[PDB]
Each structure stands twice: as structure tokens, then as C-alpha cells.
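Engineer: Pasting the sequence and an experimental structure:
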Amino acid sequence: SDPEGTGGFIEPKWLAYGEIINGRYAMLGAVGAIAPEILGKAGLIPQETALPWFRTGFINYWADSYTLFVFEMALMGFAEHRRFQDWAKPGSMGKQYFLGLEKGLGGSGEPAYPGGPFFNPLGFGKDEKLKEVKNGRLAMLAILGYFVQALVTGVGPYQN
Amino acid sequence: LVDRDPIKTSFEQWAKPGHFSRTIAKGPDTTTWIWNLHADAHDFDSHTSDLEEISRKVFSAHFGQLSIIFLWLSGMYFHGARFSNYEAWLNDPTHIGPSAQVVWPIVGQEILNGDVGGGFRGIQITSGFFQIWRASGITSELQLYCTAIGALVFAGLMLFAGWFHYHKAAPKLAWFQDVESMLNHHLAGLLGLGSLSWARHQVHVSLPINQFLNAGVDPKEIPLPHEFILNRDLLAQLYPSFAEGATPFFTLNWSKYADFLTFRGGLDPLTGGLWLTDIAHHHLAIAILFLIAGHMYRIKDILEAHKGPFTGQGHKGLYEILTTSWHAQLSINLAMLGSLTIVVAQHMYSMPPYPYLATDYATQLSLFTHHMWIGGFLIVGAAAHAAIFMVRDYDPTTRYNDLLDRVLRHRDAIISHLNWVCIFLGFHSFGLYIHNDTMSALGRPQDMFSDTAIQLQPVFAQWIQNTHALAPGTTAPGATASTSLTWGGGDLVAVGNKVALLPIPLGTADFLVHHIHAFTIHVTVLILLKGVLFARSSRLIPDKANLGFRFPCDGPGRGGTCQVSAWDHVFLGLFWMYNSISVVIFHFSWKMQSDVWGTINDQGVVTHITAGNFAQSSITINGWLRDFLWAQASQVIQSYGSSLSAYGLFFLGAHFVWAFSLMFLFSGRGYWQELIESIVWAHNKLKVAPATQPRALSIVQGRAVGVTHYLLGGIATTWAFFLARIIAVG
Amino acid sequence: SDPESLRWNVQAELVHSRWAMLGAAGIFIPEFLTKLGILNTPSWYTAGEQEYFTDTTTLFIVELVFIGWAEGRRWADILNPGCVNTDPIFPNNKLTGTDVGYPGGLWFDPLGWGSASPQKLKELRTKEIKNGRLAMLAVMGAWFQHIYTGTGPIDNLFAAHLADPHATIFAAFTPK
Amino acid sequence: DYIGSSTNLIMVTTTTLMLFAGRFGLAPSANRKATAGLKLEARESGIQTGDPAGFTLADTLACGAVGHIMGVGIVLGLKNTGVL
Ligand code: CLA
Ligand SMILES: CC(=CC=C/C(C)=C/C=C/C=C(C)/C=C/C=C(C)/C=C/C1=C(C)CCCC1(C)C)/C=C/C1=C(C)CCCC1(C)C
Ligand SMILES: CC(=CC=C/C(C)=C/C=C/C=C(C)/C=C/C=C(C)/C=C/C1=C(C)CCCC1(C)C)/C=C/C1=C(C)CCCC1(C)C
Ligand SMILES: CC(=CC=C/C(C)=C/C=C/C=C(C)\C=C\C=C(C)\C=C\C1=C(C)CCCC1(C)C)/C=C/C1=C(C)CCCC1(C)C
Ligand SMILES: CC1=C(C/C=C(\C)CCC[C@H](C)CCC[C@@H](C)CCCC(C)C)C(=O)c2ccccc2C1=O
Ligand SMILES: OC[C@H]1O[C@](CO)(O[C@H]2O[C@H](CO)[C@@H](O)[C@H](O)[C@H]2O)[C@@H](O)[C@@H]1O
């Protein structure tokens, strides 16, 4: 049958709750701070013809370049909509191998978190003494947002 | 209908004769219903007896206009791009004479394609892109080629919002049937946030990128595709980066400035398109309002309020049903939208807002008559649709005893006056001219009405024009010139190719056209006024809202009993307005060229396209084909074998099509029946006709194929007559 | 809410398919086959280098006298006898319909079990790779595109141009 | 900062007058026309105290109070007060 797409007060919000959750670790720059020593800046159009920003940043880059940028975001977007179909369910994913009884070996199950199950029961001594895990990382997202253009330039920190 | 209603078929209705009132298109065959179907296709007395949907259709099948205006414009930006002449023309204006369209040399074609400027074969333009396009804080041909697909973007999407309505299971009542906010929004931030947003991209980028164009260069020897960011360093030439001010207010010092704006009025010597150093300030100074303004409000309250003695008790209550009409809240609109378009048509020609207009003569009068026929074609409408109200829209009579029930109370009255108004005019408003003929052909000028024989004496001046160009000495601040250079007082020096605007003098031969307009504007309106007013009931027929606002004519009795109705008042009211506009046009160019347009050289001895021939000689209404129609038009009937030629070569058709209207306008109906059978007979002998009962035209269809033709005839006639006497000398 | 949307021949589109596609077989394996460096070389002197040309448009004539003949015979007795008038059985005919072809005439028929059944088993084979061939050739017919567009130098036509790195065309692989 | 810092404070002042001024002027609304200088509720004089605007307007005039002379014809005399 024809594919589905139910709107209803607030799908737009479940997938809109989700969009920012992904963007909260695609926040990247300060979540994984080792990520950019200077990688937040993409480094457009600075040909051995010419130039970057403008006075920039200039004492954008060496680089990790290239092409094959569309093929990625498309091809691995050709997976985002599969853990969205496959586990509609009727399970058989573990096609195993025709012969061989020696395949008890499992791996996990369906995972969310420390894995197959949680696992290794046995725990607490010290470590010690649903959306807040969402809310605070747009309070990390939209923050670099203005920090791209984060300048007064002609002048600077009035505050100071 | 009946078909499957239910619940029980996605299976769409493709196949089973008919739909549209109920002994419908009947099994039994006929033709009338094929003009039915297209006509009245949009309407509402059928589809359902229940509002609901309709507003759920009109907010959709609306949409596909924007999207369209949007597929359109694209093929115009594309067109105004790679079918170039814009690049070529801009380094080289005063010089060029622009194109966008070009044939392909199939059959006869090519004659139509005739050297236009930056070195190529094509057909010209009187549609002032290439001049909005001055704008381009950037320039580049492939660029417009982005603005272009940027267009097709808005479209497909601003056209899948129309899937994303009606066809999608729709909003409802409250959504519009709560009106409470609508203009709140609209005027505040778009009306505002455009004009506003337009400010930001109207000094940022445009001002500078023609601040130093108004001199020379060849583009990209100027205005990069990014260049205009943070770099507030070239914004250095065109005022401070605020230097020491912070977000206006006052603890500011000017020992030598006052931000961009520094208000102009007049006209760039080198590009008289009016100054831009202003154009930001005025759009800014708009938006604010809208920005403040769209912040009412929530409705009745304000109209539920001020009444009086004879005034409007029903003022109070002036329509619950103004959330429950459309046909009403469309007709109101058209009068404004419409009447608020031809107010363009002036402030344009006596105050150009684009670089290179006036000098560009033909590329802003086309305008001033295109814009001019909407500020009229939209007004008779703005009446029709009120008639459509006055007859039907509401369910019952819940609306009662008010401003209207009032106006109607008198009605053989408001239109009783207005009438005499017109014959007072007409006699003072046309036979006025006819004097002249009868007495200038008699010939005794002593006694004409000349700008010089009947007592008036070498001055017009002392009125209000002369207290306009001279007002920069009131509460007025100032700024060299006026507001509109065409005013009485001071100044001359305007432009170095040809001319632009200068005073524009008056008296008589300006006095009386100005009056024919009155009488023309008035008797137009009489017929629409009395038309929409007497919409539903009368003492020629009271049983007279009983079908719809059309209906052919009630019937041979009562004497006449034919025209009546109000489709038809909006049929003979078009008939006038075609004049209303068609003679106002006739006015402007005969002025604007008899005086104004003309030209400088040494000692700027001015040389109008015509040494004011107007003078003593429009006053004669023959002078109007001595000096007009037979004078100019000599360019239409010379126009063969050329490049424009498509005008002369239209000017025969369409000067034919009109003279085909009368046949549709002037004739019976069981006539072409009585005829259509003789035909139908000869048909049957060979065995070749009956199926789909061939039928003559639906009394009022017939009038539909009058009128519409009479106009698309009688009109493009001049659309040709014109473009052919501004292209080429003028 | 879902298109309405079609068919019915929904039954026939599928048999210029096995036409189009099986067919692309002919091009798919013979090309690449070609035979790299066979040993090598492609030289065809024979009827061809001296008798004043060989083909082109006597090419087609002879060439599709045959295709002529056979492509016709192909769909127009695929099957369908009954072969005229006059009320509906749909395809846009089956105005063969209820009669295959003949009431006890000849051996219209192939094969016992009063039908034409080329027996029951063989969904196998041609459901798979074959309406493959439909699919396959979609993408190495999308190679036809890649394989040559770019009109190897020898011509820029309508000069945008519009930038410049380096060339393109075919032989297998890719810089990447 | 700059003089614009004594103008940050100054922005604060325009903004403030207008808001402060504002609640009173919309407070006992549902009123429209009318007040005391017309039809029925007389206690006359002019009077005395009723605030928003007089007070704010008086303040804009004031703000030019202490920065006066210092910005103007810069410093003169030998201590205008006589005190050491
Ligand atoms: C905001 C405005 C706008 C809108 C949305 C509407 C909407 C409507 N009008 Mg309306 N109208 C308008 C402006 C508008 N009008 C104006 C300005 C006028 C004054 C002329 C009218 C005069 C008018 C009348 C008299 C009627 C309507 C009617 C209607 C309704 C019928 C619609 C229909 O079937 O299309 C009608 C369109 C066609 C059938 C297409 C034919 C168009 C022909 C004449 C071509 C025009 C010439 C052009 C040059 C030809 C193309 C080029 C060619 C040479 C290649 C509909 C609700 C009708 C009704 O009965 O109410 C329910 C009634 O007929 N209108
Ligand atoms: C300049 C260059 C380059 C390159 C390279 C390249 C470079 C290539 C390209 C390719 C391309 C592709 C593959 C595609 C693309 C597309 C695009 C880019 C687009 C974009 C856009 C925009 C911009 C916006 C809108 C959207 C779009 C998408 C349209 C070069 C340079 C140089 C120098 C210095 C010297 C010599 C050497 C070299 C080294 C050479
Ligand atoms: C979304 C937006 C926007 C905008 C802006 C806009 C939204 C603008 C607009 C404007 C509009 C305009 C500007 C209009 C125009 C019109 C036109 C141009 C038309 C014309 C014409 C006429 C005259 C009539 C008819 C015909 C034609 C059409 C031609 C934004 C938003 C936002 C947000 C939330 C976030 C943050 C940022 C912001 C920004 C704050
Ligand atoms: C004879 C004819 C034609 C004529 C024609 C004429 C003799 C005329 C016509 C006309 C048309 C028209 C005319 C249309 C149109 C149009 C247009 C496009 C318009 C536009 C415009 C506008 C926009 C608005 C207003 C203004 C104007 C008009 C400019 C034809 C005939 C024939 C024959 C033999 C047979 C077959 C068919 C044919 C081939 C067909
Ligand atoms: C001339 C005239 C006619 C006769 C006009 C007719 C019959 C015009 C209708 C002719 C149709 C449009 C011809 C349609 C035939 C073609 C569409 C069929 C072939 C399809 C094409 C491929 C040609 C009237 O019916 C009439 C009615 C009321 C008042 C005045 C008049 C009036 O003046
Ligand atoms: O093995 C990955 C590769 O990338 C490393 C991780 O190993 O880290 C940076 O270097 C790559 C280039 O290889 C960047 O694209 C990557 O995204 C960076 O984090 C580097 O050490 C390795 O070369």
C-alpha cells in the first residue's frame, strides 16, 4: 500500500522533539570539544584562487576537503528510514547461516543503552552521593548559533 | 450525487452524465451546459447550501495565483537574464532601448526582432524590469538566473500549500469565522516586515551599488556577491558605522552629519529616478506603522458605537455578516485595491521611483495605462460582487433595520440625485467642446472658450499647485525642489539625454477634460450604483429575486422588462468605464508629450515631441483627431516591414475583433436558433448532426460575448496605437 | 490519499518490459565482454573496405525487414484469437475473449490440461533476474549517461562552460 | 561605554519614562473621553498630585541637571560655593 504520514496536533514535536535531540549532539563543538580545535568553521571557498572570511581567522584550513559529501548524507540517510521499517518487526533479521548448529552467540537484543539488556547486575558502590536531557542542549545548540556571528567588532564588549 | 456518497469509495467520479442542479444535465443531450461548466464554475448557490467548504476552496484556489504569478516572473527574470540586453543596457543606459524577448526565425518571423542596444536582434519592452532591476546590489546575468529559480521554488511549494488545503481534509469555520486578528499580523509584519525587510536590502547593497554606479565602471568592476557583510567599511562612503551613537536616542553629536536619508525630493542629475538616499527612509518610516498598527486588537465595539440622529443606527451592527459574506468582503476591497491601483498611475509619472524613467517615456506610460485599467477593471467588479451580495449570500434576512435597510429606504433617491448631476455635467461637460466646433467652424474665436478668448488671461498658477512647489518653507524642512518636479515653482535642469518632468501648466484644455472625467466618472457609477442598489426588488419587478443576480430579462411585459437585473448594470457599466479609462489615457499622453516629453540641447531650448499643439486645439474635440488619432497613429499605419510591426499588424485585428462585438452585442437569439436549424437540417440529410443538441447562445452568454470582445477589441487597438508612438521619436 | 490510479492494462505494460529488458542483455554482456586486449585488435576488412560502404541505411531496411516481420508477429498473436467484436471483455477487447480462438477447429492449443499451461513450477528463473532486467538496465542505462555525456573535448556547445577541473567518459573505474 | 555609557543609563531613562508613564494612562481605562474638567464630579482648583507624566517629564528636564556645566563651557571660577 501507499506509505503513511500521520499529522495529529503534535507528531510535529515528536519528530520535532527528535530533530533537536540529534542536533544536540550534532551540536558537536562543545559536546565533543576535541572535535574542533578549529573545525566548527567549514572553510568554504578559499581558493588558490582566493579568500575566506575576511578578516576571518588568520594566525580555513589545512583541511579535510572534498566531494563525496552529498553521497554520504544521502546514503546514510538511506538507513535512517530503515530502522523505521525493518523493526516494524516480523523478526528474522538474524538470517544466521543455512547449516551449523553452533550459533548460540547472540550479541545483545534490542539495545537502547548498556546493550542487550542493561547488564552485569551487581553494581553500586561509588558513582555516588523526559526532556531535560533535551531542553538543556538547545541551550547548547542555538548558543553557537549566534556565536558564529558572535562579534560587535567596531567596538566590542560594552559590559567590559 | 448519489453515487456512492458514503463511505464506500475512494473510487473517484470519472464517468456518469452531469452534475450542477438537479434535473441536471439530464441523460438527454445539449450544448448550453458546456458554457455552463466554465461560466459560473466558481459561484456558490451550488456545491453545498452550507458555507464551510467555499471559504475552504477560496483560500486554496486562491493560492494557485501566487503560485502562477510565481511561474510568471520567473519567465521574465529568466528572459530578463540570458536573453540578455540587461547587462548590455546598464553600463550603457541613455543609449540602449531594451529587450528580453526574441523570436526564432520560423516562417515570416524575424521582422519582429530589430536592433535594440548592446548589439542584438529582438523585440523591445514597455514593462520596466531592467529598472526595478537597477536594484541588483550585485549585477550578473546567471544571477537573475537564481532570483529566477528562487521564483520557481516559491511555487511547487507555494502551490503545494493548495494541496495542503482543500484536498487535504481542510480547516473550518472558527478558523476564518474567528476573524478576530487577521489584519493584526498582515499590516504589522509583512506590510511591515516587507518595506521593513525591504529597507534592509535597500541601503545595505543597493544604494551603494548605484551610489558609485551613477558615474561609470563596467559591473564586477564593482559589486561582488558577498562583499556587503560585516565589512561595514564600504558603507563608509554613504555615512558612519554610527561612530559614537548607540541605537538612535539623543545624547548624540552632529558637528557634521545626520544618517543616510538626508531627505531629497527632486531628481538625480545623471539618473533622475528620484533619490535613493531617501527611498530607505520612506520605507523605514512606513513599516514602523504597520509595525505599530497591526497591533490591534482583539471587533464590533468600534462600529458598535458612533450613531446619531439621521446617521446609522445599524452602523452599530454593520454586519455580523462581515465574517459571513465574502462576496461582500470581496466587493469591498475591489473598490479599494482597484481604486488604490490607479492612484499609482499618477504618483508614478509625476514622481518616478525607479532609476531611468521619464527619459524612458514608453517604459512608464504603458505602465500608467496598464496600471489605470486595473484601477477600473477591478472597480466595476467591486460593484458586481456587491450586487452579488445585495441579491444573495446570507441564509435568511438576519441583518435587519440598519445603515442599509436605511440607504435602500431612500433608493429612488440617492440615485434620483446623481442623475441630474450627470445631465448638468455632460451639458457643461461635453457639449462644451461642441460649442467650439460649432462656433470655430462657424469661426469667430472672439467667443470660443479658448485658453485665451473666454476670460482667463496668460496665467493659471494661483491655486494649489503653486502652493505645492514652494511649500518647502512651511513646517516644511525642505530639500531643493518640491516633492514632484511638475509643480509650478522653480527648477528646470532635469536630464541629459532627453527630458523628464517640469511644471505642467493648466487653465482651460486641462480645465475641461478634467471635467469630462467628472461626468464620465459619475454616469459610470449611476448605473452601477442604481444597479447594485435595486438588486432584488422594485416597482418594475418586485418578484425580482427569484432566480439570481443575472437572469436575462424578466419578460416582454411592463413595457420593456429586459435589461434590469445587475449582471447587466455590470454589463453597461463596463461599457462606460472602457471609456472612463479609455479617455483618461487619451488625456495623459496628449498632455505628457504636447508638453513635458520633448527635449534639451544648447541653452536647453526645450523641443516637445510636440511644440504645445494642445494650446488652442484639444478644445475642439476634432483637434483630438486632427492633433491626436490622425496625427499620432501615422506611426501605426507606417509601421509595416519593421521590427515592431506586430503592432500595426495587430491594430487591424483587434481593430477587427471589436468590430465583431457588435454582432454579439446587437442581435436576437431565437435568431441564431432559427438559423442553427437550417444548418441542423442540412446536417441530418448526410446523417451528420443531432447528438449533443446544438443550441444558440444563452441570452446573457450572448452579452458575455459582447462586452468582453468589445473591450479586448477596442482596447489592444490602442495598446498597439501606443507602442508605435513612443518607440521611435518620443 | 492514493492514486486511482490505474492498470488495467496494468497487465500489458509488463510485456514490452520483458521486451525492453531481456533485450538490454544484448548490449550489457557484449559491450563489457568486448574483449579488453583480446590478444588484440578490432579490425573489420571483409565486406567493408573495398565495395563502396556496406550499410547505414540499406542497414535498417534489411536490418529490420526482420525485426519488422518478428516484432509484429510478436504481440498480435502473442495469443489473442476470437479477434473481433462487440461487447466488453475489457483489456481493450478480450473481444477474443471467452473463446480463446477456436471451437474444435485445429490445434490452436499447446499442451494437455485444456489450456496452454507451460506447467506450474517455473516462477523461479524469470520472476527474479528478468524483471530484474527491467531493474538492472535502469541503472546501467543510467550509465549510458555517465559513460559518455561531456562530449569528450571535441565540443563545448552553448558556452556557459561553467567551471573546470578535468575530463570524463568511460572504460571502467573512477578517480575515487 | 564612552559618553554613551552615561547614555546606557540614558536609554534606560527614555525607556523607563515611557513604561512607567504607561501603566497609569491605561489603568482605570474603559473610560474613553471624560475626566474632571467636564460633566459631573467637581473638586476643581487645578489641583495638586496625579503623577505619571508630570513626574517623568520633569525628570527628562532634570537629567540635564548634574552633567550641566561639566559638558558646557568647561570649568571656570574658584569654587562657586566658597566652601573649601
Ligand atoms: C477578487 C476577484 C475576482 C474573483 C476572485 C472573482 C470571482 C468570481 N466572479 Mg467575478 N468579477 C471580478 C473580479 C473577481 N471575481 C471583476 C473585476 C469583475 C468585473 C468584470 C467581475 C464580474 C463578474 C461577473 C459578471 C460574474 C462574476 C462571477 C464570479 C464568480 C464566477 C467565477 C467563474 O466561473 O470564472 C469566470 C471566468 C470564465 C468563465 C473565463 C472566461 C474569461 C474570458 C471572458 C476571457 C477574458 C478575455 C481575455 C483577454 C481572454 C484570454 C486571452 C485570449 C484572447 C487567448 C466567482 C465567485 C459570476 C457569478 O455568477 O457569480 C457567482 C458573474 O458572472 N464576476
Ligand atoms: C577553482 C578550482 C577548483 C575546483 C574544483 C571544483 C570546485 C570542482 C567543482 C565541482 C562541482 C561540482 C561537483 C558541483 C558543484 C555544485 C555546486 C558547487 C553548487 C553550489 C550551490 C551554491 C553555491 C548555492 C546554491 C546551491 C548550489 C548547490 C547550486 C581550482 C583552483 C585551483 C587553483 C587555485 C589554481 C589552479 C589549480 C586549482 C587547484 C584548480
Ligand atoms: C519569515 C521572516 C520574514 C520575513 C520577512 C518578510 C515576510 C518580508 C515580506 C515582505 C513582503 C513584501 C515586500 C511584499 C511584496 C509584494 C509585492 C512585491 C507585490 C507587488 C505587486 C503589486 C504592487 C500588486 C500586485 C502585483 C505585484 C505582485 C507585482 C522572518 C522571520 C523571523 C523569525 C520568526 C525568526 C527570527 C528572524 C525573523 C526574520 C524575525
Ligand atoms: C482569420 C484568422 C485569424 C484572424 C485573426 C484576427 C483578424 C484577429 C485576431 C485577434 C486575436 C486577438 C486580438 C487575441 C489576442 C490577444 C492578446 C494577446 C491581447 C492581449 C492584450 C492584453 C494583455 C489586454 C488587452 C490589451 C491586449 C489586447 C494587448 C484565422 C483563420 C484560420 C483559417 C483560415 C482556418 C483555420 C483556422 C485559422 C488558421 C485561424
Ligand atoms: C452571432 C450570434 C450568435 C451565434 C453564435 C454562435 C452560434 C457562436 C458559437 C459557435 C461555436 C463557438 C463554434 C464551436 C464549434 C467548434 C468548437 C467545434 C470544432 C472544434 C474545433 C476543433 C474547431 C448567438 O448565438 C447569439 C446569441 C445571443 C445574442 C447574440 C448572438 C449573436 O450575435
Ligand atoms: O582514523 C580516523 C582519521 O581521522 C582521525 C581519527 O583517526 O581524526 C581526524 O582525522 C580525520 C582524517 O583522517 C578527520 O576527518 C576526522 O574526522 C578527525 O577527527 C585521524 O586520527 C585519522 O586520520
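Structural biologist: Okay, I see it. Numbers count the residues shown, from 1 in each chain, chains lettered A, B, ... in the order given. Ligands and ions are numbered 1, 2, ... in the order given.
Engineer: Which residues are in contact with the residue of chain A found nearest chain B?
Structural biologist: Nearest residue of chain A to chain B, counting by Cβ to the nearest Cβ: residue A:154, 5.4 Å away. Using the backbone N, CA and C atoms, a C-beta is placed for each residue, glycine as well. Residues in contact with residue A:154 (Cβ atoms under 8 Å, 6 or more residues apart in numbering or on different chains) are B:232, B:241-242.
Engineer: ok, residue 80 - how many residues close by?
Structural biologist: By default, I'm working from chain A. Around residue A:80 there are 9 other residues, counting by other Cβ atoms under 10 Å in any protein chain shown.
Engineer: wrong one, I was asking about chain D
Structural biologist: Residue D:80, neighbours per other Cβ under 10 Å, totals 8.
Engineer: same check, this time on residue B:448
Structural biologist: Residue B:448 - counted by other Cβ under 10 Å - has 21 other residues nearby.
Engineer: what secondary structure does it sit in?
Structural biologist: Using DSSP: H, G, I helix; E, B strand; the rest coil, the structure places residue B:448 in coil.
Engineer: ok, it touching residue B:512?
Structural biologist: No. In this structure, residue B:448 is not within contact of residue B:512 by Cβ atoms under 8 Å, at 11.9 Å.
Engineer: Show me the common contact partners of these two, please.
Structural biologist: Overlap between the contact sets of residue B:448 and residue B:512, as judged by Cβ under 8 Å, 6+ apart, is given by residue B:619.
Engineer: do you know how far residue B:603 is from residue B:272?
Structural biologist: Computed as Cβ to Cβ, to the nearest Å, the residue B:603 to residue B:272 distance reads 20 Å.
Engineer: tell me which element the residue nearest the centre of chain A falls in.
Structural biologist: Against the mean C-alpha coordinate of chain A, by Cα atoms, centre = their mean, the closest residue is residue A:26 at 4.0 Å. Under the criterion DSSP states H and E, no helix or strand holds residue A:26.
Engineer: Now for it: which residues touch it?
Structural biologist: By Cβ under 8 Å, 6+ apart, residue A:26 lies in contact with nothing.
Engineer: if you set the cut-off to 10 Å instead, what comes out?
Structural biologist: With contact set as Cβ atoms under 10 Å, 6 or more residues apart in numbering or on different chains, residue A:26 has these partners: A:19-20, A:141.
Engineer: What about those, which are in strands?
Structural biologist: Assigned to strands by DSSP state E, none of these qualify.
Engineer: quick one: which of the residues you listed is nearest chain D?
Structural biologist: Of all the contacts of residue A:26, residue A:141 has the smallest distance to chain D: 30.3 Å, by Cβ to the nearest Cβ.
Engineer: how about stretch B:40-60 against chain C, any contact?
Structural biologist: No. Remark: stretch B:40-60 sits outside contact range of chain C, by Cβ under 10 Å from any Cβ of the partner chain, the gap being at least 16.3 Å.
Engineer: For that stretch, give me every contacting residue.
Structural biologist: Residues from elsewhere that reach stretch B:40-60 (Cβ under 10 Å, 6+ apart): B:19-22, B:24, B:61, B:161-173, B:175-177, B:324-327, B:330, B:388, B:391-393, B:395, B:547-548, B:550.
Engineer: Would you list the buried entries among those?
Structural biologist: Among those, those scoring as buried are B:161-162, B:165-166, B:176, B:324-327, B:330, B:388, B:391-393, B:550 (criterion: 16 or more other Cβ atoms under 10 Å in any protein chain shown).
Engineer: Which residue ranges of chain D form helices?
Structural biologist: Using DSSP state H, the helices assigned to chain D run over residues D:8-26, D:52-63.
Engineer: cool, and the stretch 501-650 of chain B?
Structural biologist: B:513-533, B:572-594, B:623 (DSSP state H, counting those that start in this stretch).
Engineer: Adding distance to ligand 2 and mean neighbour count, write those helices out as TSV.
Structural biologist: Formatted as TSV, the helices of the stretch 501-650 of chain B follow (distance: least, Cβ to the nearest ligand atom, whole Å; neighbours: other Cβ atoms under 10 Å in any protein chain shown):
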stretch	distance to ligand 2	mean neighbour count
helix B:513-533	51	21
helix B:572-594	44	20
helix B:623	59	22
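Engineer: Generate CSV for those helices, with distance to residue B:142 as supplementary columns.
Structural biologist: CSV is the format used below for the helices of the stretch 501-650 of chain B (distance: least, Cβ to Cβ, whole Å):
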stretch, distance to residue B:142
helix B:513-533, 48
helix B:572-594, 38
helix B:623, 52
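Engineer: Relative to ligand 3, which of these is closest?
Structural biologist: Ligand 3 sits nearest to helix B:572-594 of all the helices of the stretch 501-650 of chain B, at 17.8 Å, using Cβ to the nearest ligand atom.
Engineer: could the helices of chain D be laid out in TSV, adding distance to ligand 4?
Structural biologist: Listed next are the helices of chain D as TSV, based on distance: least, Cβ to the nearest ligand atom, whole Å:
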stretch	distance to ligand 4
helix D:8-26	53
helix D:52-63	59
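Engineer: Look at residue B:694 and tell me its secondary structure.
Structural biologist: coil.
Engineer: ok, for residue A:29, nearest residue in space, not its chain neighbours?
Structural biologist: Distances taken as Cβ to Cβ, 6 or more residues apart in numbering or on different chains place residue A:40 nearest to residue A:29, at 4.7 Å, with adjacent residues excluded.
Engineer: ah, wrong one, I meant residue B:288
Structural biologist: residue B:192 (7.7 Å).
Engineer: Any chance of the backbone angles for the one you found?
Structural biologist: With angles defined as degrees, to the nearest 10, residue B:192 sits at phi -70, psi -70.
Engineer: which residues does the closest residue to ligand 4 within chain A contact?
Structural biologist: Chain A approaches ligand 4 most closely through residue A:7 (41.9 Å), counting by Cβ to the nearest ligand atom. Contacts for residue A:7 were tallied using Cβ under 10 Å, 6+ apart; they are residue B:168.
Engineer: Phi, psi for residue B:78 please.
Structural biologist: The phi/psi pair for residue B:78 (degrees, to the nearest 10) is phi -70, psi 120.
Engineer: host element of the closest residue to it other than its chain neighbours?
Structural biologist: Leaving out its chain neighbours, the residue that sits closest to residue B:78 by Cβ to Cβ, 6+ apart is residue B:148, at 4.1 Å. Assigned by DSSP H and E, residue B:148 falls within helix B:141-153.
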